[PDB]
Every structure is written in structure tokens, then in C-alpha cells.
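# below: the sequence, then the experimentally determined structure.
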Amino acid sequence: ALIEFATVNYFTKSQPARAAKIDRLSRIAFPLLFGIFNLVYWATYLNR
Amino acid sequence: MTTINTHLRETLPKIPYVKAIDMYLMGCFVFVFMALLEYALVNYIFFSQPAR
Amino acid sequence: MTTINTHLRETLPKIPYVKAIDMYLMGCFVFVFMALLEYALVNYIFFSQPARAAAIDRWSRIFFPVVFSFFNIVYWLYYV
Amino acid sequence: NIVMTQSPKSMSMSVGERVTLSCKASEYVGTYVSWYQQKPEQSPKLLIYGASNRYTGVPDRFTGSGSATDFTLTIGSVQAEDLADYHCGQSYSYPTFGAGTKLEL
Amino acid sequence: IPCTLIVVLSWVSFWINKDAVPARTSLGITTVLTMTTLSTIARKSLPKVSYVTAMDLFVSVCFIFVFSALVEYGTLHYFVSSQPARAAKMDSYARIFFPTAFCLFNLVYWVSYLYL
Amino acid sequence: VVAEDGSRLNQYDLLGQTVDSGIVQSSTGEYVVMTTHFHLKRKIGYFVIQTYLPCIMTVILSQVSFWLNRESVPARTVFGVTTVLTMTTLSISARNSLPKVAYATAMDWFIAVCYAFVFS
Ligand SMILES: CCOC(=O)c1cncn1[C@H](C)c1ccccc1
């Protein structure tokens, strides 16, 4: 998350389209990945 | 809030269930997190419409 | 500075007199607090006089390390 | 030196009433003040040792009340033979006696 | 792991724009605070010894690196008012000089302390 | 009697002894009990430098915020929140020393007043 913010700020004021695009994409990419990781972790550790 | 919790837990033993003081700290932390989320929501829709 | 003093004091007993490392930490905290108060003074008289702020900054830049080195030498001479 | 102010300096009471003598020390003397009865032409006889403890042979009308500094001695229903000097003396330090109270009728 | 991750946390400031002062100052100084706390823990692991080990050497080098990053940003901000192109080149110079120096130090340290 | 160099009291200060004799009554009989009190007087030296100095310094640091300009919101906000966090950590740490008693000591009153000042 911090690295994504750093990239957004680096691209801001020069290519704001790419910055806004990757921010609106990271608003969906991080929570879904965390949910998938939680499901996998809990499932594979409670089955045993 | 998390500092208060970490100081408190170092005294009590490893105990599974949710004590009463843990419930109070969780409620206070929920209120704090809700205040922070409220500010984030305000900052999201600030540029578009300051009336709301 | 406060957390350094805290991490140090957890090991020593409860002694009423002031040690040597406590004197050093008190001196360092006085220097940091005077730095912060100097900034407060700059920010207070910055609107009234814009050159007094630059004067105080240019003076502090060479005044703080001097007093710190003097205090360091006096402390290390009195204790060693 | 622990000074003992014994009061009153001279008091007279008739027969059959409760009488209270007081003895106040200067420093701490914890239950270590004795009460002696000195009849005329006689040597003092210990009445109340400790703070409130009757010596063997003392009637039940003499009784003491102790504290850290102030002490009292009560004689309920004095008789005709209870007329003497009454000296309090501490022993927590080197013993120093009080001035004594003359009992008259 | 936490020490090197704190160091790269400090390096992240080299990409944030030079106009945002509070962000970079907070980065640097909070990184220094976490670094000294972690050094305290690492040294608290083993008993009180008056010599220099190989772990506190590592944490001291990390502390020095964070100190260097903070003072580098300080000089950058001071020179921006005097000559901007100087600081503009200094930023991209540090972006290459810092990770290279860290990797060289890590290689030397690990080789020297593993094959000994 | 007390030896001359016989005092390992780091924090307290022995004033003097005070002996006494008494007679207690138990479930088995009536016993003689020799009582001895040692009058102690705590030294405030450590608590000053470890609680009263940081509390006063925090209060001063917090009241410094008034001399800043009104057009500087982040600085004054940082002043306030950091002073509150420091006061909270101090109120938690200082209480840790004493046994868990159910009344309020004097140091607790000082800490409460300093917290009220920072919040104000
Ligand atoms: C004016 C001096 O300030 C302070 O002593 C002070 C206030 N908060 C913290 N400190 C320093 C760290 C300290 C506290 C206690 C012992 C030694 C050093």
C-alpha cells in the first residue's frame, strides 16, 4: 500500500491519468487479494 | 488505544474468551476507527460536493 | 529522548538522587526543548519582522552546536 | 529526659465518688508508666504497673487507662485510707517521676 | 528483516516529491525512532557486553543510513531555495547511491561474518 | 539497636525505632506480644525527576501551542495530540509502581490535573 502511494505521488502532476487509474484499481485489488489470502490461510489451517 | 490494550494484556495471563475490559477497549477502538473512516469519507466527497 | 530515558530507567532501581546519565539526558532534553521554543519564537515574531526570524536562525545554526560541545566537554571533564 | 506533667497539683474529693488523675508525658512512652501510692512517712508502693495492670494485692477500684503519651488513673468510690500522694513515672527511658498530687478530703 | 525493511521504508522518501516537506520529515524522523527502538530490543536480547558484536554493528549501520537519509533531505530542502537544479540532481544521485551502498555493505558484512 | 552502616533503604529513610509491650488474646489463650515500630519516611527524589518533571515539561510544551499563529493547524494539532499521548503513557506508567489500591494517591491527583490542562 505504501509503495503504491509512492508510485501515485511520483506520477502525479506529470501523468495524472495513470495515477488516478492505478489508484482506482488499487481500491479493488488490495481488499480482494486480502480476502482471498484470509480464506486460503484459514481453510488450509483449520482443515488439519 | 492500542497502547492501552498492549499495556493491559501484559499483566493478565493468556486467556481465550473476551473479558469485560477487552470489550470496552474494543468498543472504544471501534468508535475511533469509525471517526477515522468518517474523515476519509468526507475527504473523498469534499471536492465534489462540500454541502454533503 | 523520553523513550530513551524510559528504556534506560526500567533496569535501574528507584534511587532518589540524580545519576550522571540522568544529568546527560536532562541536558539533551533541555537542548531539544530550547530548539523547539526557538522555533516557536521565530514563528511568533515572523509576521511582525521577517528579518528577525532569519537573524535568529542564522545565529542558532552556529550557536547550538557550540553550546552542546561545551556542555559535552564540561560533563566529560567533571565525570572522567 | 522525658518530663511528666501530672495533674492536678492538688485536689480534694469526698468519699464515694470516682476520681480521675492525669499524667501526660512529653515524648512517647508506650504503656510503660507506673503509678505509685506514697502515704505519709512511708515508702511508695506500686499500684499500677505497665499502663493498666493491677499489682498483686491492689483493690479493684484502682484502674488505669493508657495511650502513647497521656495516661489516666481512676479510683471509683475512694475510701478513707486512699488519701496519699500519687506519683506517675515512666520507664520507657531512664525513669522520670511526676510532681505528685495531694489527695485531701 | 525489520531493520532492512525500516531502511527501505526510509528510502521511500527519495521518490516522494520534494515540495511535500512534512511527509518526508515525518518519514525520516519516525524511521529513526523505530530504528532506535529496534536497536534497544536487539541489544536487550543478549547480556551486557562491553564489546561490539555483529548484530549491533548491523543495527548501528542501519541507524547511520537513516540519519544520512534525513540529513540528505535536509540539505536538499535548504539548497532548493538557493539552486533548484542542484537538489534535482541530488535526488536522482541518492536514488542510486543509497541502495548500492546498502547492498555492498550487506554483501561485505555477511561474507566477513559467515566465513570466519 | 540499629547498626550505623546498617541501612539498605534505597527509597525510604529510617527515622527511629519505637518499642512497646502488649497482651493479645487468641483462640488458644492470652499471650504476650513485644511490638517494635520502625518509622520510615519516603524520599521524593526519584518520583520528582521521573513523574513531576515529565508532567510539568509536557504541560509547558502543550501551553507553548498558544504562541504559534492561528493559521498553522497541523503544528498545533500535533502539539496537542502528542502531549495527550505523552500524558496518557505517563499516567499508565506511573501507576504501575504502586500496589493496586482502590483510592487516589497524591501523584494521581497531580497527573489528573496535568491531563486536564493538556486537554484544555
Ligand atoms: C527539563 C529537563 O527535562 C527533563 O528532565 C525531561 C522531561 N521529560 C523528559 N525528560 C528527560 C528525558 C528526563 C526525564 C527524567 C530524567 C532524566 C531525563
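Looks like it came in fine. Residues are numbered from 1 along each chain as shown, chains lettered A, B, ... in the order given.
# quick check: residues of chain F near the ligand?
F:49, F:50, F:53, F:54, F:57 (CB under 6 Å from any ligand atom). For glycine as for every other residue, the C-beta is placed from the backbone atoms N, C-alpha and C.
# packing partners for the helix or strand that contains the third one?
It stands for residue F:53. Secondary structure assignment for residue F:53, by DSSP states H and E: helix F:53-63. Under the contact definition 3 or more CB pairs under 8 Å, 6 or more residues apart in numbering or on different chains; DSSP states H and E, helix F:53-63 sits against helix C:20-44, helix F:73-95, helix F:106-119.
# what residues sit buried inside stretch F:48-65?
Within stretch F:48-65, the residues that qualify as buried by neighbour count (16 or more other CB atoms under 10 Å in any protein chain shown) are F:49-52, F:54-55, F:57-59, F:61-62, F:64-65.
# as CSV, the helices and strands packed on helix F:53-63 with distance to residue E:78 and mean neighbour count would be great.
Shown next, in CSV, are these (distance: least, CB to CB, whole Å; neighbours: other CB atoms under 10 Å in any protein chain shown):
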stretch, distance to residue E:78, mean neighbour count
helix C:20-44, 16, 15
helix F:73-95, 20, 16
helix F:106-119, 34, 15
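# how many residues are close by the residue in chain E that chain D sits nearest to?
Here the residue of chain E nearest chain D is residue E:48; by CB to the nearest CB that distance is 48.1 Å. Using other CB atoms under 10 Å in any protein chain shown, residue E:48 has 7 other residues around it.
# same question, residue F:35
12.
# repeat for the one 5 residues further on
When counting by other CB under 10 Å, one arrives at 13 neighbours for residue F:40.
# distance check, residue D:9 against residue D:104.
For residue D:9, the distance to residue D:104 equals 12 Å [CB to CB, to the nearest Å].
# which residue packs closest to residue F:74, ignoring adjacent ones?
Excluding its sequence neighbours, the residue lying closest to residue F:74 (CB to CB, 6 or more residues apart in numbering or on different chains) is residue E:22, at 6.8 Å.
# could you verify my assumption that that neighbour touches residue F:72?
No: the pair residue E:22 / residue F:72 is not scored as a contact, 11.5 Å apart, by CB atoms under 8 Å.
# what sits closest to the residue nearest the centre of chain A if chain neighbours are left out?
Residue closest to the average C-alpha location in chain A (CA atoms, centre = their mean): residue A:30, at 3.0 Å. Leaving aside its sequence neighbours, residue A:30 sits nearest to residue A:1 (CB to CB, 6+ apart; 6.5 Å).
# how close does that neighbour sit to residue A:40?
20 Å.
# which of these two has more neighbours?
Of the pair residue A:1 and residue A:40, residue A:40 is the one with more neighbours under other CB under 10 Å, namely 10 against 7.
# now for the more buried one: which residues touch it?
Going by CB atoms under 8 Å, 6 or more residues apart in numbering or on different chains, residue A:40 touches no other residue.
# can you tell me the helix or strand for it?
Counting by DSSP H and E, residue A:40 is found in helix A:16-46.
# state which one residue of chain D is found closest to chain F.
For chain D, CB to the nearest CB, closest residue to chain F: residue D:30, 3.8 Å.
# what's around that residue, how many residues?
Other residues close to residue D:30 by other CB under 10 Å number 20.
# and the nearest residue to it once chain neighbours are set aside, helix, strand or coil?
Nearest non-adjacent residue to residue D:30, counting by CB to CB, 6+ apart: residue F:20, 3.8 Å away. Secondary structure, DSSP: H, G, I helix; E, B strand; the rest coil: residue F:20 is strand.
# same check on the one 3 residues further on?
Three-state call for residue F:23 (three-state DSSP): strand.
# which residues touch it?
Here residue F:23 is in contact with F:30, F:31, F:32, F:33 (CB under 8 Å, 6+ apart).
# so it versus residue C:74, what's the distance?
Distance of residue F:23 to residue C:74, computed by CB to CB: 64 Å.
# need the residues of chain E near chain A, please.
E:9, E:12, E:15, E:16, E:17, E:20 (CB under 8 Å from any CB of the partner chain).
# output these as TSV; include the columns distance to chain F.
What follows is the residues of chain E next to chain A, written out as TSV (distance: CB to the nearest CB, whole Å):
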residue	distance to chain F
E:9	21
E:12	21
E:15	22
E:16	17
E:17	18
E:20	12
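# report the two of the residues you listed separated the most.
E:9 and E:17 (17.6 Å; CB to CB).
# show me what contacts residue B:3?
F:85, F:88, F:89, F:92.
# near chain C too, which of these?
Okay, of those, nothing touches chain C (CB under 8 Å from any CB).
# for the residues you listed, which one is nearest chain A?
Checking these against chain A with CB to the nearest CB, the nearest one is residue F:85 at 22.6 Å.
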